[PDB]
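Colleague: Could you have a look at this structure, given as structure tokens, before my questions?
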Amino acid sequence: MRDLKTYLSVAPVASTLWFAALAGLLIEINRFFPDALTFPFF
Amino acid sequence: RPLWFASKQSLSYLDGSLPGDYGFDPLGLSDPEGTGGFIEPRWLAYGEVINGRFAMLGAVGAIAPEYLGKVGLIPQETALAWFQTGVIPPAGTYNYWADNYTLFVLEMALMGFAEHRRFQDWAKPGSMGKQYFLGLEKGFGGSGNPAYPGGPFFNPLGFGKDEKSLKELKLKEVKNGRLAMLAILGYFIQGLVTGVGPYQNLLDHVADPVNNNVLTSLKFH
Amino acid sequence: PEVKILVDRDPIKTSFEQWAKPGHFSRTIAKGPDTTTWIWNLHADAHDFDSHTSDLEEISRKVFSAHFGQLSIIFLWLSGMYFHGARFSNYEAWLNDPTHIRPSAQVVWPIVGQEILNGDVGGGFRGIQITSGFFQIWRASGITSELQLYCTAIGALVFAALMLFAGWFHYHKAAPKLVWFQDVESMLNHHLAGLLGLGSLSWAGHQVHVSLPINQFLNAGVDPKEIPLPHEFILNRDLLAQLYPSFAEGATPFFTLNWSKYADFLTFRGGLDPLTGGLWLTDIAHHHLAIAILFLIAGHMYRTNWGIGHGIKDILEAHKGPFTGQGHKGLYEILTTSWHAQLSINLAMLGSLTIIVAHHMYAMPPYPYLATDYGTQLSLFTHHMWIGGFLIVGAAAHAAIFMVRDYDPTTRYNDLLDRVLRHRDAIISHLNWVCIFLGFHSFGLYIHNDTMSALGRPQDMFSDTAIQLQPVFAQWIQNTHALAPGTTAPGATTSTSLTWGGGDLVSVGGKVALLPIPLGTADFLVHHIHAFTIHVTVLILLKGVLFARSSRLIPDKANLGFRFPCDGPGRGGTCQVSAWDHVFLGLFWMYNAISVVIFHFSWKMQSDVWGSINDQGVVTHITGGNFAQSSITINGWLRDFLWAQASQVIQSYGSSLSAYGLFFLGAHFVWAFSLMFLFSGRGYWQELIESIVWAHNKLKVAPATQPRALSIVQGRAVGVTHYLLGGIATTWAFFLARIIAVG
Amino acid sequence: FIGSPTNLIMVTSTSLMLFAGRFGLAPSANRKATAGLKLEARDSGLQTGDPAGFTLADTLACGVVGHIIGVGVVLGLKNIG
Amino acid sequence: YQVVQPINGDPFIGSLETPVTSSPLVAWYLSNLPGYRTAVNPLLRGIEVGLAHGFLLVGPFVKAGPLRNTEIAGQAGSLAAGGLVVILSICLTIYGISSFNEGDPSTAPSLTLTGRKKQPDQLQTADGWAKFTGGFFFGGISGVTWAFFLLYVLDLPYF
Ligand code: CLA
Ligand code: CLA
Ligand code: CLA
Ligand SMILES: CC1=C[C@H](O)CC(C)(C)[C@H]1/C=C/C(C)=C/C=C/C(C)=C/C=C/C=C(C)/C=C/C=C(C)/C=C/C1=C(C)C[C@H](O)CC1(C)C
Ligand SMILES: [Ca+2]
């Protein structure tokens, strides 16, 4: 548990989880505001 | 004490402390040399006894209904072969008070508590007579030997109060267990390649032996 | 002396202690890291069990459970394939009409416009056309619904779970000991008779009851949903008696020895099914039956526990003669104490086997509707060729590792190994000469043809019309094969393939399954090119193995270990003088050889076999026999093969084959990228990282794990792996895009 | 079909094979093979009842190989006449 | 019994003794060649060698040449052989010039295979080599002419 928490924070696993979260975020963002070549709000 | 197809390696670990010890181990499986998971000799003895007991039960039970299916008030809907009971649906089913799946899960809930308690006694012997179980724990103590727990439940009639009694009785038990085990194997293969049912099939064999094992050589189904 | 199960209880307790600690096996790693090089080492020596310790028992226990883990991975992959065929496929539509619907078992999500990859594969379905040939396997096994595929996927999932659990169990709870592994007699007895004998007998049992009747029904034209379920064919037997009358006697023929009464479904026809374009299933069943009998007898050769059998030591040490001294005496002791010897033998044999499989599968298509599925055929051949080549190179790698680490004449002396080590120089010199001669007289012919053609002198060219180099031996052999059925294989009706000859073209759905393949001068030239490339890669690998311990250059090469950068720029320069470096080259030359082989196959097939048949029997091939006249000069390969065939992939953009164009370009990129690692050295890079580190330190952002440039060996490893990835991937994209567009 | 057709050929083959095996005339479970010329005497460990050292491994082995030679002879003869 | 032995029984000289390297007939044959005729004047050995090599060079040049189909195939290919043999002589003369000097003795070994003295082979001197290459060239042009005379000039039934 403590050691599982440690292993889940080793560099490869920390980075894969981080990048999976980032990928999910970007994917959803472009799923809501697709085909965006500019910033049209202000 | 007489010996069958013994081995010098096999004889070493099979000297006679166990019932039915005939020194027959042509593949040398109860070797106390390589004891690990599920190959330890005590566990193999326990397994032989338990398989023999369940096989005696199932071997008088599988042949029963289709015997008195011929004698007595017992109807014919209650008179199936052992394979038509719903155990193998593609070979015949029945409509009991339940579904045959709830039947199974209820069966295995009951068998679950009985088997788990029995194992809890095998592993740490004498542990079931400690925790509360609606009373009834003083009877689940055990006797040090797993295959022979004894007590007020598993031995109410008190057979074998001296120990040669228990010796020859254990010998008879394991012998009848081996008999019932190979009887059940015969049931299985015979009900497959002849597909008749053992009791009725036995009656056809006793008509006259024209119908030999080779005759159903041809694997009707 | 006798053989038994011998185990140890709970050798290592399952725990999360060592997961928290990175490189626990290596003492130096366990402590922690000072620089960036430590991270690379952690991965490079993860599975080198024989250096984490010296105990053979521990090495072998680790090996056993790692094999279990690998089996679990394979099962998960299989279950994924079956589930995708069950859920995201058009397998039933394809089953209704095989030669119009394109198989595809993968769809994509519409996220960034990538749904264009969901192309029209027909059947009211839009997905990515697959080349795995899985539909053909499932059809040949008798699978008609997707319920069966679902059940298969779930069964393989629980099998993967079982394999993973067994891996945990046999390492942390009940781990065998050394005398159990070192028993190879019983192990061979069980793998020959039990794994291959019972396995193939069981498969023949499947085909006799499931695939034969169901495929009979499918080829009779029955709607796939109107076919009886397979278990019916077991319950009701007259269902089989209708298709196959001699299922009526029912196994009494098997014991009367009236085996001829089984001639219905146990045939020896040979050739192809004119309806499906595959081998006769009644032939494949008979084949597996005979295979089973053979393996079941063969797994009874070695003695285990009952006196009868063969002691492998006796067989080995019985073989010796006047040229080899005491040969084979001492090999049994070598092949049972070193895992690397076994690994290299098995790798060589498995690579050989994979390539034989590729050839035989292209020549005698075993699955229905496989031959006329050109994409599947091309992909299967190419994939198996690559796998075989890689395995064969690994064989050499591990032979060298053995020679460096485990070879010891003080305690384990063998005579043959010693003699070969003693005349390695003669061996390598003659192999060198053969490589040179073969390279001059195969590629030199191509250069001569190119200049003869460029100087407007085609009569002087080595071609079918100017100076013929006819492969008379191959022509003679294949004519002997064509005449075989009836003359010298009386029980066969058709020759074993249709590439032998006899006419008898077979087509399916207006496409050519097979026809006799002609061998001309271009075949001679390219076969000698093949011989040349194979000989050169053999030279590199054998030179690496034979000179792994010592040479006339550096006299103590074994003390430097199996893998190392160099021993300084002394004696003129000793760059890559190690055995590992020889494997690095062999991979380059293996790439060259396999690339030429698959190019030859693809061009020859698109030029002389594949194509479309028509009403008169006029066969228009993909390229009108342009291989016989254009493949004899390098300009022909560059123009008629690469430039011509390459147009399909370039025009892929804007369609559903766009991903292949993208992968074409990306593979070009990564291949070119490898050259940065393959042409440079780590000194320049260390000196550049120095100033980058300065830039970081100036802003208090320098890392504590000091960044080092990669090792010399790692740089070569990065360079060779990227090179192979790039080249193989660009060939993959080109082949797939071309054969899916023109096929 | 018993003692008339191929039953006699199968019997003579198997019968003769294990008749050899029990006696000398053939490699044993207790008899090792030198070069197919001479046979040494050894104890395989497993207990026998038979006076000549005929164990169950031996009966099964020579029974199997007699069956196979019987199968071969039967199929060949019925294939050419 | 073993067939492969170390050279002359010396196991520390870098070679071995095998059938191809040292079996009776193959030794007799190799010894009976002009190159290994040590006690013979180098000019005659060069003659024999040059005549054999010259004759050989005519065979492939003519048949595999670019004028094989033309009627001057024989004249052309034979002339090409003459050009090649002359080039070989140039390679031989410059080799002898670079590697030898008159005032120096023969670099050939003095010992035989049994350990007896023997006169060092004179072919390895300066003018020994010069006599040999002169004989070789004379023999080579003579061989080409002889082979070139046989066919074309005379019908004489071949192939
Ligand atoms: C901005 C660019 C962009 C973006 C954001 C995306 C985004 C996406 N693409 Mg896409 N793509 C792009 C460009 C892009 N693509 C381009 C340019 C191409 C042309 C080459 C493609 C071609 C393409 C294809 C062909 C596909 C996608 C797919 C996908 C989707 C999922 C990919 C996936 O799930 O992987 C794979 C996910 C898995 C395999 C799930 C597995 C989960 C983990 C790995 C399980 C591991 C645990 C396991 C149990 C370990 C085993 C241990 C064992 C021993 C127990 C995703 C939304 C896929 C899709 O649409 O899904 C249907 C898909 O098929 N893309
Ligand atoms: C009939 C007996 C039998 C069978 C069928 C097998 C089968 C197999 N062995 Mg095995 N083995 C046996 C006896 C047998 N062995 C004996 C007697 C010994 C020496 C004592 C060994 C020692 C051995 C070693 C050291 C290794 C194998 C390996 C393998 C696998 C090879 C990889 C492969 O081909 O994948 C084919 C895949 C399949 C056939 C899928 C089906 C898998 C089935 C369920 C396997 C079940 C057979 C198994 C013996 C059951 C007994 C265990 C039981 C108590 C549960 C394979 C599954 C390799 C391995 O372990 O891989 C992990 C390997 O490393 N075997
Ligand atoms: C049954 C097959 C088999 C097995 C069991 C082994 C086992 C072993 N090999 Mg080996 N080898 C094999 C086949 C095999 N090999 C083949 C076919 C080749 C030819 C290429 C080699 C060549 C080879 C070399 C040169 C070396 C080994 C070494 C080793 C040992 C350590 C491996 C290691 O941990 O490195 C770690 C594993 C990795 C770092 C994985 C690297 C990732 C690869 C390169 C990328 C693959 C790309 C992927 C397929 C697609 C791209 C994905 C990406 C885009 C996301 C180990 C005992 C090493 C050794 O020192 O022996 C003692 C050694 O140097 N092998
Ligand atoms: C000894 C040895 C050793 C060596 O070394 C080797 C060898 C030889 C191999 C060995 C072995 C042998 C043998 C033979 C064995 C066997 C066993 C068995 C048979 C078991 C069973 C066993 C058996 C068993 C348990 C069984 C049981 C049964 C039962 C319960 C039944 C039940 C039932 C009934 C009632 C009726 C219904 O309706 C149905 C059912 C539900 C079904
Ligand atoms: Ca044991």
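Naming works like this for the structure tokens: A, B, ... for the chains as they're shown, residue 1 at the start of each chain, ligands 1 onward in shown order.
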What do you get as a VMD selection string if you pick all residues at most 7 Å from ligand 1, counting only C-alpha atoms and all ligand atoms?

Modeller: (chain A and resid 27) or (chain C and resid 69 72 to 73 106 to 112 114 117 164 659 662 to 663)

Colleague: Residues up to 6 Å from ligand 5, counting only C-alpha atoms and all ligand atoms: could you list those as a PyMOL selection string?

Modeller: (chain B and resi 29-35+39) or (chain C and resi 5)

Colleague: Can you write out the residues you just picked, keeping C-alpha atoms, as a PDB file, in the first residue's frame?

Modeller:
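The resulting out22.pdb:
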ATOM      1  CA  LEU B  29       3.609 -39.698  -6.696  1.00  0.00           C
ATOM      2  CA  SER B  30       3.544 -39.907  -2.882  1.00  0.00           C
ATOM      3  CA  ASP B  31       7.310 -39.451  -2.720  1.00  0.00           C
ATOM      4  CA  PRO B  32       8.190 -37.502   0.448  1.00  0.00           C
ATOM      5  CA  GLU B  33      11.206 -36.233  -1.452  1.00  0.00           C
ATOM      6  CA  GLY B  34       9.474 -33.660  -3.627  1.00  0.00           C
ATOM      7  CA  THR B  35       6.714 -32.533  -1.297  1.00  0.00           C
ATOM      8  CA  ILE B  39       1.886 -33.400  -3.829  1.00  0.00           C
TER       9      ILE B  39
ATOM     10  CA  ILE C   5       8.738 -34.104  -9.320  1.00  0.00           C
TER      11      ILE C   5
END

Colleague: Skip residue 144 (chain B) itself and residues of its chain fewer than 2 positions away, then list as a list in words all residues within 12 Å of it, counting only C-alpha atoms.

Modeller: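 Neighbouring residues, sequence-local ones excluded: residues 121, 122, 123, 124, 125, 126, 127, 140, 141, 142, 146, 147, 148, 149, 150 and 151 of chain B.
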
Colleague: Would you pick out the contacts of region 178-195 of chain B at 6 Å or less, using only C-alpha atoms, so that residues sharing its chain but fewer than 3 positions from it are not included, and give the list as a VMD selection string?

Modeller: chain B and resid 52 55 to 56 59 175 219

Colleague: Pull out every residue of chain C sitting within 12 Å of chain D, counting only C-alpha atoms, and send them as a ChimeraX atom specification.

Modeller: /C:1-3,252,254-260,293-294,296-297,300-301,303-311,314-315,318,491

Colleague: Quick one: residues within 6 Å of ligand 4, with only C-alpha atoms and all ligand atoms, as a list in words?

Modeller: residues 25, 26, 27, 28, 51, 54, 55, 58, 61, 62, 82, 83, 85, 87, 181, 182, 184 and 185 of chain B

Colleague: Would you mind exporting the chosen residues as an mmCIF file, in the first residue's frame, restricted to C-alpha atoms?

Modeller:
data_model
loop_
_atom_site.group_PDB
_atom_site.id
_atom_site.type_symbol
_atom_site.label_atom_id
_atom_site.label_comp_id
_atom_site.auth_asym_id
_atom_site.auth_seq_id
_atom_site.Cartn_x
_atom_site.Cartn_y
_atom_site.Cartn_z
ATOM 1 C CA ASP B 25 2.789 -46.479 -6.917
ATOM 2 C CA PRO B 26 4.190 -47.216 -10.385
ATOM 3 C CA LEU B 27 4.494 -43.492 -11.107
ATOM 4 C CA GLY B 28 5.867 -42.587 -7.668
ATOM 5 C CA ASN B 51 -12.745 -39.054 -3.170
ATOM 6 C CA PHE B 54 -17.918 -38.981 -2.230
ATOM 7 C CA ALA B 55 -17.689 -41.767 -4.798
ATOM 8 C CA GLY B 58 -22.496 -40.930 -5.730
ATOM 9 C CA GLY B 61 -26.894 -42.651 -5.598
ATOM 10 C CA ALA B 62 -26.507 -42.636 -9.368
ATOM 11 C CA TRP B 82 -28.073 -40.585 -13.826
ATOM 12 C CA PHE B 83 -27.260 -38.532 -16.939
ATOM 13 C CA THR B 85 -31.364 -35.785 -14.414
ATOM 14 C CA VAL B 87 -26.718 -32.701 -14.914
ATOM 15 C CA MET B 181 -14.375 -44.897 -7.568
ATOM 16 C CA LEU B 182 -13.738 -47.323 -10.404
ATOM 17 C CA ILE B 184 -18.175 -44.462 -11.077
ATOM 18 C CA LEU B 185 -15.559 -44.382 -13.827
#

Colleague: List as number ranges by chain the protein and nucleic acid residues lying within 7 Å of ligand 3, with only C-alpha atoms and all ligand atoms counted.

Modeller: C: 43-49, 347, 390-395, 397-398, 401, 563, 580, 583-584, 587, 721

Colleague: Keeping N, CA and C atoms, export the residues of the selection given above as a PDB file, in the first residue's frame.

Modeller:
ATOM      1  N   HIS C  43      17.472  -1.103 -17.629  1.00  0.00           N
ATOM      2  CA  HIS C  43      16.679  -1.791 -18.639  1.00  0.00           C
ATOM      3  C   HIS C  43      17.508  -2.776 -19.435  1.00  0.00           C
ATOM      4  N   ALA C  44      18.782  -2.468 -19.661  1.00  0.00           N
ATOM      5  CA  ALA C  44      19.580  -3.284 -20.564  1.00  0.00           C
ATOM      6  C   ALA C  44      19.880  -4.645 -19.965  1.00  0.00           C
ATOM      7  N   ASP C  45      19.859  -4.758 -18.647  1.00  0.00           N
ATOM      8  CA  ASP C  45      20.208  -6.002 -17.976  1.00  0.00           C
ATOM      9  C   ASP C  45      19.075  -6.489 -17.088  1.00  0.00           C
ATOM     10  N   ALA C  46      17.837  -6.216 -17.487  1.00  0.00           N
ATOM     11  CA  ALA C  46      16.700  -6.654 -16.691  1.00  0.00           C
ATOM     12  C   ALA C  46      16.509  -8.157 -16.776  1.00  0.00           C
ATOM     13  N   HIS C  47      16.622  -8.726 -17.972  1.00  0.00           N
ATOM     14  CA  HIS C  47      16.349 -10.139 -18.177  1.00  0.00           C
ATOM     15  C   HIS C  47      17.599 -10.976 -18.317  1.00  0.00           C
ATOM     16  N   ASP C  48      18.774 -10.406 -18.087  1.00  0.00           N
ATOM     17  CA  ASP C  48      19.995 -11.202 -18.122  1.00  0.00           C
ATOM     18  C   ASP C  48      20.141 -11.874 -16.764  1.00  0.00           C
ATOM     19  N   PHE C  49      19.407 -12.971 -16.597  1.00  0.00           N
ATOM     20  CA  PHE C  49      19.372 -13.647 -15.307  1.00  0.00           C
ATOM     21  C   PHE C  49      20.715 -14.264 -14.951  1.00  0.00           C
ATOM     22  N   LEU C 347      16.691 -21.187 -31.278  1.00  0.00           N
ATOM     23  CA  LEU C 347      16.422 -20.005 -32.084  1.00  0.00           C
ATOM     24  C   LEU C 347      16.753 -20.247 -33.545  1.00  0.00           C
ATOM     25  N   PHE C 390      14.901 -12.528 -38.033  1.00  0.00           N
ATOM     26  CA  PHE C 390      15.282 -12.033 -36.715  1.00  0.00           C
ATOM     27  C   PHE C 390      15.677 -13.171 -35.792  1.00  0.00           C
ATOM     28  N   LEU C 391      14.898 -14.253 -35.789  1.00  0.00           N
ATOM     29  CA  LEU C 391      15.236 -15.385 -34.932  1.00  0.00           C
ATOM     30  C   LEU C 391      16.589 -15.970 -35.299  1.00  0.00           C
ATOM     31  N   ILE C 392      16.874 -16.080 -36.595  1.00  0.00           N
ATOM     32  CA  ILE C 392      18.142 -16.671 -36.998  1.00  0.00           C
ATOM     33  C   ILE C 392      19.305 -15.808 -36.540  1.00  0.00           C
ATOM     34  N   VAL C 393      19.136 -14.487 -36.549  1.00  0.00           N
ATOM     35  CA  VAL C 393      20.222 -13.641 -36.057  1.00  0.00           C
ATOM     36  C   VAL C 393      20.398 -13.806 -34.552  1.00  0.00           C
ATOM     37  N   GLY C 394      19.288 -13.915 -33.822  1.00  0.00           N
ATOM     38  CA  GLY C 394      19.391 -14.142 -32.389  1.00  0.00           C
ATOM     39  C   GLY C 394      20.107 -15.427 -32.044  1.00  0.00           C
ATOM     40  N   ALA C 395      19.961 -16.447 -32.887  1.00  0.00           N
ATOM     41  CA  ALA C 395      20.710 -17.678 -32.691  1.00  0.00           C
ATOM     42  C   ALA C 395      22.202 -17.396 -32.591  1.00  0.00           C
ATOM     43  N   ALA C 397      23.647 -14.495 -31.916  1.00  0.00           N
ATOM     44  CA  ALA C 397      23.901 -13.698 -30.719  1.00  0.00           C
ATOM     45  C   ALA C 397      24.115 -14.589 -29.505  1.00  0.00           C
ATOM     46  N   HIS C 398      23.259 -15.590 -29.341  1.00  0.00           N
ATOM     47  CA  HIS C 398      23.353 -16.382 -28.122  1.00  0.00           C
ATOM     48  C   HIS C 398      24.407 -17.470 -28.208  1.00  0.00           C
ATOM     49  N   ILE C 401      27.220 -15.453 -26.947  1.00  0.00           N
ATOM     50  CA  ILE C 401      27.127 -15.286 -25.499  1.00  0.00           C
ATOM     51  C   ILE C 401      27.575 -16.551 -24.787  1.00  0.00           C
ATOM     52  N   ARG C 563      29.895  -8.272 -24.332  1.00  0.00           N
ATOM     53  CA  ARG C 563      29.533  -6.951 -24.909  1.00  0.00           C
ATOM     54  C   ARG C 563      30.415  -5.850 -24.314  1.00  0.00           C
ATOM     55  N   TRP C 580      29.290  -8.979 -29.632  1.00  0.00           N
ATOM     56  CA  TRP C 580      27.983  -8.269 -29.692  1.00  0.00           C
ATOM     57  C   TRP C 580      27.930  -7.387 -30.943  1.00  0.00           C
ATOM     58  N   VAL C 583      26.978  -9.211 -34.126  1.00  0.00           N
ATOM     59  CA  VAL C 583      25.498  -9.417 -34.183  1.00  0.00           C
ATOM     60  C   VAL C 583      24.844  -8.152 -34.753  1.00  0.00           C
ATOM     61  N   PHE C 584      25.365  -6.982 -34.372  1.00  0.00           N
ATOM     62  CA  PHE C 584      24.847  -5.659 -34.809  1.00  0.00           C
ATOM     63  C   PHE C 584      24.932  -5.555 -36.339  1.00  0.00           C
ATOM     64  N   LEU C 587      22.536  -8.114 -38.238  1.00  0.00           N
ATOM     65  CA  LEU C 587      21.157  -7.563 -38.322  1.00  0.00           C
ATOM     66  C   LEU C 587      21.068  -6.690 -39.579  1.00  0.00           C
ATOM     67  N   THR C 721      18.449  -0.332 -34.070  1.00  0.00           N
ATOM     68  CA  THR C 721      17.028  -0.567 -33.871  1.00  0.00           C
ATOM     69  C   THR C 721      16.194   0.434 -34.654  1.00  0.00           C
TER      70      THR C 721
END

Colleague: Neighbours of region 641-643 of chain C within 9 Å (only C-alpha atoms; same-chain residues fewer than 4 positions away dropped), as a PDB file with N, CA and C atoms, in the first residue's frame?

Modeller:
ATOM      1  N   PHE C 599      11.066  -8.524 -51.798  1.00  0.00           N
ATOM      2  CA  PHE C 599      10.890  -7.826 -53.067  1.00  0.00           C
ATOM      3  C   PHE C 599      10.777  -8.815 -54.216  1.00  0.00           C
ATOM      4  N   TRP C 603       7.341  -9.005 -56.477  1.00  0.00           N
ATOM      5  CA  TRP C 603       7.381  -8.708 -57.932  1.00  0.00           C
ATOM      6  C   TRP C 603       7.022  -9.963 -58.732  1.00  0.00           C
ATOM      7  N   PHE C 627       8.425  -9.055 -65.185  1.00  0.00           N
ATOM      8  CA  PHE C 627       9.533  -9.506 -64.356  1.00  0.00           C
ATOM      9  C   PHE C 627      10.571 -10.257 -65.169  1.00  0.00           C
ATOM     10  N   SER C 630      12.380  -7.109 -67.266  1.00  0.00           N
ATOM     11  CA  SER C 630      12.800  -5.883 -66.609  1.00  0.00           C
ATOM     12  C   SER C 630      13.569  -6.111 -65.324  1.00  0.00           C
ATOM     13  N   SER C 631      13.498  -7.296 -64.742  1.00  0.00           N
ATOM     14  CA  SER C 631      14.169  -7.530 -63.475  1.00  0.00           C
ATOM     15  C   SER C 631      15.639  -7.862 -63.634  1.00  0.00           C
ATOM     16  N   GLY C 636      15.681  -1.651 -63.916  1.00  0.00           N
ATOM     17  CA  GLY C 636      14.364  -2.258 -63.940  1.00  0.00           C
ATOM     18  C   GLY C 636      13.744  -2.350 -62.567  1.00  0.00           C
ATOM     19  N   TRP C 637      14.550  -2.676 -61.558  1.00  0.00           N
ATOM     20  CA  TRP C 637      14.042  -2.694 -60.193  1.00  0.00           C
ATOM     21  C   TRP C 637      13.659  -1.302 -59.733  1.00  0.00           C
ATOM     22  N   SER C 647       3.678   4.269 -56.608  1.00  0.00           N
ATOM     23  CA  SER C 647       2.623   5.267 -56.933  1.00  0.00           C
ATOM     24  C   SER C 647       1.353   5.028 -56.105  1.00  0.00           C
TER      25      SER C 647
END

Colleague: Check region 526-621 of chain C with DSSP on the backbone and list each residue it calls strand (DSSP E or B), as a VMD selection string.

Modeller: chain C and resid 611 to 612 620 to 621

Colleague: Selected residues, N, CA, C and O atoms, written as a compact mmCIF listing (two decimals), in the first residue's frame, please.

Modeller:
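File produced: result.txt:
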# COMPACT_ATOMS: atom_id res chain seq x y z
N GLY C 611 -3.38 -12.01 -60.64
CA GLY C 611 -4.05 -11.34 -61.72
C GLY C 611 -5.47 -11.83 -61.83
O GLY C 611 -5.94 -12.62 -61.02
N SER C 612 -6.16 -11.36 -62.86
CA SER C 612 -7.57 -11.66 -63.06
C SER C 612 -7.76 -12.56 -64.27
O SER C 612 -7.22 -12.29 -65.35
N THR C 620 -5.05 -11.91 -67.36
CA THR C 620 -4.27 -10.69 -67.31
C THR C 620 -3.67 -10.63 -65.91
O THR C 620 -4.39 -10.40 -64.93
N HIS C 621 -2.34 -10.68 -65.83
CA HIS C 621 -1.63 -10.58 -64.52
C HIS C 621 -1.56 -9.12 -64.05
O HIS C 621 -1.84 -8.22 -64.87

Colleague: Please tabulate, as a Markdown table, the residues of chain C that come within 7 Å of ligand 2, each with its closest pair of atoms and the distance in Å to one decimal, counting only C-alpha atoms and all ligand atoms and ordering rows by chain, then residue number upward.

Modeller:
| residue | atom | partner | partner_atom_place_in_ligand_line | distance |
| --- | --- | --- | --- | --- |
| C:64 | CA | ligand 2 | 64 (O) | 5.1 |
| C:67 | CA | ligand 2 | 62 (C) | 4.2 |
| C:68 | CA | ligand 2 | 62 (C) | 3.9 |
| C:70 | CA | ligand 2 | 62 (C) | 6.9 |
| C:71 | CA | ligand 2 | 62 (C) | 5.4 |
| C:180 | CA | ligand 2 | 20 (C) | 6.4 |
| C:181 | CA | ligand 2 | 25 (C) | 6.4 |
| C:183 | CA | ligand 2 | 19 (C) | 6.9 |
| C:186 | CA | ligand 2 | 17 (C) | 5.8 |
| C:187 | CA | ligand 2 | 19 (C) | 4.0 |
| C:190 | CA | ligand 2 | 13 (C) | 4.9 |
| C:191 | CA | ligand 2 | 14 (C) | 5.7 |
| C:194 | CA | ligand 2 | 1 (C) | 3.5 |
| C:195 | CA | ligand 2 | 5 (C) | 4.0 |

Colleague: With distances taken over only C-alpha atoms, which residue among E:77, E:66, E:34, E:19 lies nearest chain C?

Modeller: E:66
